[PDB]
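S.K.: Let me begin by handing over the structure; questions about it come next.
Reconstructed Cβ throughout: ideal geometry from the backbone, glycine too, with neighbour counts over all protein chains shown. Rule-based calculations on the coordinates, nothing more; no lab input.
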Amino acid sequence: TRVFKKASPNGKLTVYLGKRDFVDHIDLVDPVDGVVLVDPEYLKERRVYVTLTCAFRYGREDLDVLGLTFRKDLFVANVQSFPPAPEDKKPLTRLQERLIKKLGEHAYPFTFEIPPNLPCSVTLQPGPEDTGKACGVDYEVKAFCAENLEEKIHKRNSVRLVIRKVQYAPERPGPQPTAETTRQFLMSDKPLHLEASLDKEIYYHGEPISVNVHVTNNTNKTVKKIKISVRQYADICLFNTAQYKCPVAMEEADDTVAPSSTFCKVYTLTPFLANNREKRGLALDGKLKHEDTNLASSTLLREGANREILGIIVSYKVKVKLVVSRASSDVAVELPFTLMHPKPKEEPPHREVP
Amino acid sequence: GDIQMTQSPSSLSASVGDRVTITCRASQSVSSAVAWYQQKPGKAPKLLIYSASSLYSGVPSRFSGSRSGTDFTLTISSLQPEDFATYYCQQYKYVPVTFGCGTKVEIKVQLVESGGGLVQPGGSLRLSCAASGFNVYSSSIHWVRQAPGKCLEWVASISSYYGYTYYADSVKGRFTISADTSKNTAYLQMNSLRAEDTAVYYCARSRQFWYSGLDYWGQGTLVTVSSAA
Amino acid sequence: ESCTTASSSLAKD
């Protein structure tokens with residue numbers, strides 16, 4: 001197989017890593033295991049450490065202007081690399097031993113443990129004139145040659161690389177999520193009744209989602225127009241919750257449902273980037289350097305989790321909006337669902353110009 | 001700049017039920033963004049292997065691939081009597097993705113193209129690609145020309161999920177691509193036509209959300225240009 | 001003021 005490598009500006013430091021992503025196995029995330037190549041001839045300060053952090057760009061502007069680097073550090077950890085501690089001892093992994101056999105004693109392994117309850121690698125859709133770093137949530141591996149962590153790490157004395165966490169659809173599709181309502185009216189002897197449902201629960205990006213809706217409109221009033229909104233419930237916990245939401249898929253129908261009438265129809269909606277390009281602030285998945293990505297995956301919240309992660313939560317919900325002859329009589333019905341990657345197989349050979 | 005995928009085993013034959021090898025030489029570092037296909041005399045060229053390693057669904061295991069540096073090898077341990085074809089090597093790390101000429105070896109889901117024919121030089125025409133069983137919003141669409149007696153060349157591409165259109169230099173601002181997502185169709189308009197345009201063009205599925213090899217394509221359609229009527 | 005990420009190969013087993 002193949003292995004990725006990154007070099008420090010000074011050439012003193014050559015990190016080898018295997019995979020730029022990690023399987024969140026739900027129960028676990030694949031450990032960040034890699035190796036470092038050091039040159040003791042160039043190294044004079046004899047102390048080498050490598051850092052993994054899950055770090056978040058504090059949102060866009062600071063001092064009301066974009067710039068600086070306000071990394072709001074969700075979690076940081078660093079490992080003593082050279083010399084390896086006489087205390088810290090863990091078994092070597094197959095990948096890393098293969099690398100050493102490629103390299104020898106000059107290279108030194110490291111293993112990072114990713115606890116659960118950690119955000120998936122996501123990034124907020126930058127605005128059209130955002131030439132700074134795309135603000136968001138991602139993990140970072142940085143190597144350096146320093147006496148101590150206190151030391152002001154020289155950028156020359158250091159090398160960096162970014163990594164992304166990913167999730168994949170559970171094999172068992174979820175049961176159909178449905179939602180039904182019955183809105184009474186002061187002017188209507190009998191209430192309006194609404195029912196909405198989806199074809200399945202699990203979904204893949206780029207494939208259409210199909211909603212059925214049934215209506216009983218036996219009131220004195222009509223259902224004038226019906227609006228279909230696939231919406232992105234993105235919640236953030238930078239200091240507290242914030243249910244900042246943006247529609248992604250918007251479909252309109254003038255399907256008139258009169259008083260004393262029935263209705264039932266199927267619709268299809270398809271999220272994608274292009275239509276929502278101009279909606280600054282949308283959430284997408286992992287972001288490597290500058291590349292085009294896909295729309296944010298259906299972030300999984302663990303059932304056993306306490307829902308207190310100071311990260312980013314991405315969930316997806318469809319809403320049907322019935323307009324009535326004219327009071328806030330118009331009624332919206334909400335239906336959650338999952339929209340996220342199919343089963344994983346390989347790396348992201350993202351397409352771009354040479 | 002432009003990438004070349006040369007082929008050493010250009011002409012082989014007289015080989016029955018044996019292990020034979022196929023070497024594609026990459027004009028540049030391409031990592032694993034390389035795929036190999038096979039094509040009969042004038043049929044739909046189907047996928048064989050992508051990323052040089054992952055053999056496709058259903059394809060017999062007698063087909064295998066390997067990569068050494070920028071050099072690429074195909075093995076058939078034993079040539080099954082139907083395997084005789086032209087086998088195409090193609091890098092797909094850079095736009096334009098490029099196909100090299102393949103290997104003649106011999107012995108002594110719905111997708112369809114449409115809208116081709118003959119056109120006078122300097123004319124214009126529309127080419128159609130009906131697709132069925134899948135979705136444009138999950139699958140990229142690609143038109144590729146096959147000049148008879150010349151290698152394959154990607155010419156047109158739509159990322160409907162991103163709404164991006166790629167073309168090659170010989171069709172910059174000259175041939176236009178579009179896709180009726182409602183009708184699940186690809187349309188390509190040809191302007192100011194010349195001799196090079198006379199070839200059989202194919203439309204081909206990708207798997208847009210997560211790119212892989214070109215799996216199932218159409219039957220190909222001829223577009224002819226001639227000074228006569 | 002940065003470098004370039006490249007790759008490398010291995011042998012199975």
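S.K.: Could you go through the range B:210-221 in sequence order and give the Karplus-derived ³J(HN,Hα) for each residue, using 6.51 cos²θ - 1.76 cosθ + 1.60 with θ = phi - 60°, rounded to whole Hz, and x for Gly and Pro?
M.R.: 7, 4, 8, x, 6, 8, 10, 10, x, 8, x, 9
S.K.: Per-residue ellipticity at 222 nm for chain A, helices alone: DSSP H runs ≥ 4 residues times -39500 (n - 2.57), over residue total, nearest 500 deg cm²/dmol?
M.R.: -1000 deg cm²/dmol
S.K.: Provide a whole-number value for the mean count of partner chain Cβ atoms within 10 Å of the Cβ atoms in peptide A:344-354.
M.R.: Partner Cβ neighbours, averaged per residue: 6.
S.K.: Same structure again: Quick one: if you take sqrt(5λ) for each eigenvalue of the C-alpha gyration tensor of the range A:149-251, what semi-axes come out, biggest first, whole angstrom?
M.R.: 47, 19, 12
S.K.: Now for a separate question. Give me a single rounded figure for A:236-243: the average over its residues of other chain Cβ atoms within 10 Å of their Cβ.
M.R.: If you average over the peptide's residues, the count of other-chain Cβ atoms is 0.
S.K.: So if I take the alpha carbon set of the range B:5-106, get Rg, then get Rh from the Kirkwood formula, what is the Rg over Rh ratio?
M.R.: Rg/Rh for the range B:5-106 comes to 0.93.
S.K.: Something else about it: Taking the convex hull of the alpha carbon atoms in the range A:245-316, what volume per residue do you get, in Å³?
M.R.: 178
S.K.: Sticking with this structure for a sec: What is the sum of charges, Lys and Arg at +1 and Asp and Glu at -1, for the other residues whose Cβ falls under 13 Å from the Cβ of A:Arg164?
M.R.: Spelling it out: positives minus negatives among the neighbours equals -3.
S.K.: Just tell me which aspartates and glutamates come within less than 17 Å, Cα to Cα, of A:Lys221; anything on the same chain fewer than 8 places away is out.
M.R.: Filter leaves A:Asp189, A:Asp254, A:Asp255, A:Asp330.
S.K.: Hey, can you grab everything whose amide H is under 5 Å from the amide H of B:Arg25? Only 5+ residues off in sequence or another chain; H modelled, so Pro and N-termini drop out.
M.R.: Correct list: B:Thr6, B:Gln7, B:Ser8.
S.K.: Here is a follow-up. Cα-Cα pairs above 33 Å in chain A: how many percent?
M.R.: When every Cα pair of chain A is considered, 42 percent fall beyond 33 Å.
S.K.: Now a separate question. Can you put A:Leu99, A:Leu282 in order of Cβ neighbours within 10 angstrom, beginning with the fewest?
M.R.: Starting with the residue having the fewest Cβ neighbours, the order is A:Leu282, A:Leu99.
S.K.: Related question: Report Rg/Rh for the range A:178-337, rounded to two decimals, where Rg is the Cα radius of gyration and Rh the Kirkwood radius.
M.R.: Dividing the radius of gyration by the Kirkwood radius yields 1.03.
S.K.: Going by how many other beta carbons lie within 10 Å of each one, how would you line up A:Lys19, A:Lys343, fewest first?
M.R.: Listing A:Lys19, A:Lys343 from fewest to most nearby Cβ atoms yields A:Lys343, A:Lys19.
S.K.: So which of B:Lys40/B:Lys172; B:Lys108/B:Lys150; A:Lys90/A:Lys155 end up more than 27 Å apart by C-alpha?
M.R.: Result: B:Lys40/B:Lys172; A:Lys90/A:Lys155 exceed 27 Å.
S.K.: Moving to a separate point now. May I ask for the equivalent-ellipsoid semi-axes of the protein assembly as shown, computed as the square root of five times each C-alpha gyration tensor eigenvalue and listed largest first in whole Å?
M.R.: Output for the protein assembly as shown: semi-axes of 43, 40, 21 Å.
S.K.: Greater than 27 Å separation of Cα atoms is the criterion. Which listed pairs, A:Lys19/A:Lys133; A:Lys72/A:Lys287; A:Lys5/B:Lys104; A:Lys12/A:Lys289, meet it?
M.R.: A:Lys5/B:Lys104
S.K.: Oh, and also: What's the Cα-based Rg to Rh of chain B, Rh via Kirkwood?
M.R.: 0.97
S.K.: Using a cut-off of 19 Å between alpha-carbon atoms, which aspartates and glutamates can reach A:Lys200, once sequence neighbours fewer than 8 places away in the same chain are excluded?
M.R.: By straight Cα distance, A:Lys200 reaches A:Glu171, A:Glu180, A:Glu334.
S.K.: Could you please state, rounded to a whole Å, how far the C-alpha centre of the range B:174-191 is from the C-alpha centre of the range A:253-298?
M.R.: After rounding, the separation between the Cα centres reads 23 Å.
S.K.: In addition: What does the charge add up to near A:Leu310, with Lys and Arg as +1, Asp and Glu as -1, over the other residues with Cβ less than 13 Å from its Cβ?
M.R.: Computed value for this residue: -1.
S.K.: Could I ask something else about it? Other chains near A:53-65: what is the mean number of their Cβ atoms within 10 Å of each residue's Cβ?
M.R.: Neighbouring Cβ atoms belonging to other protein chains average 0 per residue here.
S.K.: Grab the eigenvalues of the alpha-carbon gyration tensor for the range A:4-163, scale each by 5, take roots, and send me the semi-axes largest first in whole angstrom.
M.R.: Listed largest to smallest, the semi-axes of the range A:4-163 are 29, 20, 14 Å.
S.K.: Hey, another quick one. For B:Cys24, what is the net charge nearby, where nearby means another residue's Cβ is under 11 Å from its Cβ and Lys, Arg count +1, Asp, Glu -1?
M.R.: Residues near B:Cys24 contribute +1 overall.
S.K.: A follow-up question, please. If you plug each phi of the range A:42-52 into the Karplus form 6.51 cos²θ - 1.76 cosθ + 1.60 with θ = phi - 60°, what whole-Hz ³J(HN,Hα) values come out, in order, with x for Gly and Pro?
M.R.: 5, 5, 10, 9, 6, 10, 10, 9, 9, 10, 10
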